[PDB]
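If you're matching positions, the sequence shown starts at 146 in this note's numbering and goes up one per residue.
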Amino acid sequence: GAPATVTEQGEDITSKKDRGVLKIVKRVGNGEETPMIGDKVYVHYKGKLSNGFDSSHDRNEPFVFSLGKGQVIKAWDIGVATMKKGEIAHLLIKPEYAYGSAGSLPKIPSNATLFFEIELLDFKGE
Ligand SMILES: COc1cc2cc(c1OC)OCC[C@H](C)n1cc(nn1)CCCCOC(=O)[C@@H]1CCCCN1C(=O)[C@H]2C1CCCCC1
């Protein structure tokens, strides 16, 4: 399934090249501006523990956050910074770039790998 495909084919977008955040572009976006630290970012997403979703669509609204401000897991600050408006991307994320050994119960156990599909809807500078 889609997590395994990211394992096999995804790009390592970590600075350390530790395969902590792996990415596949599923639909190409437009623009050649990507988000930068500080921007207010609007996305839809579906996420799950890699072993099989929480979705923004379950709440009938986009998920909104400020990029690079630690309002989200590290993997999202790294990954969304690579995305163009209109892009749909898949991320597979090791615990070091998500919730680590502590986890975040009840939704996330210790040492969890996470999978997201993210659509970047829009972004605006602070
Ligand atoms: C660990 O807690 C959660 C994790 C995740 C979703 C969570 C969540 O809270 C309980 O509820 C989403 C809906 C509530 C109303 N909420 C929380 C936040 N914004 N809205 C702020 C959430 C900040 C933490 O989440 C994240 O950084 C990432 C990336 C942004 C979307 C949510 N996300 C998650 O890790 C998801 C998680 C839920 C279980 C399956 C894997 C994805």
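Don't be surprised by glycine CBs; every beta carbon is placed ideally from N, CA and C.
Next on the checklist: Looking at the strands, I want to know which residues DSSP matches up with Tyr190.
Outcome noted: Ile263
Checklist entry - Under 8 Å from any heavy atom of ligand 1, does the C-beta of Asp184 make it? => result no
Item to check | Every unbroken alpha helix (DSSP H) within the stretch 155 to 236, with a cutoff of 4 residues, ordered by chain | outcome: 219 to 225
Next on the checklist: Closer than 8 Å to a non-hydrogen atom of ligand 1 - does that hold for the CB of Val170?
Outcome noted: no
Checklist entry - Are the CB atoms of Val151 and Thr159 nearer to each other than 9 Å? => result no
Item to check | Among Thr258, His189 and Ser195, the one whose alpha carbon lies nearest that of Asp203 | outcome: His189
Checklist entry - Straight-line CA distance for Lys168 to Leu236? => result 5 Å
Item to check | Beta-carbon proximity list for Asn175, same chain, < 8 Å, skipping 5 on both sides | outcome: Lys229, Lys230 and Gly231
Next on the checklist: Quick check on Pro251: buried or exposed, where buried means 16 or more other Cβ atoms within 10 Å of its Cβ?
Outcome noted: exposed
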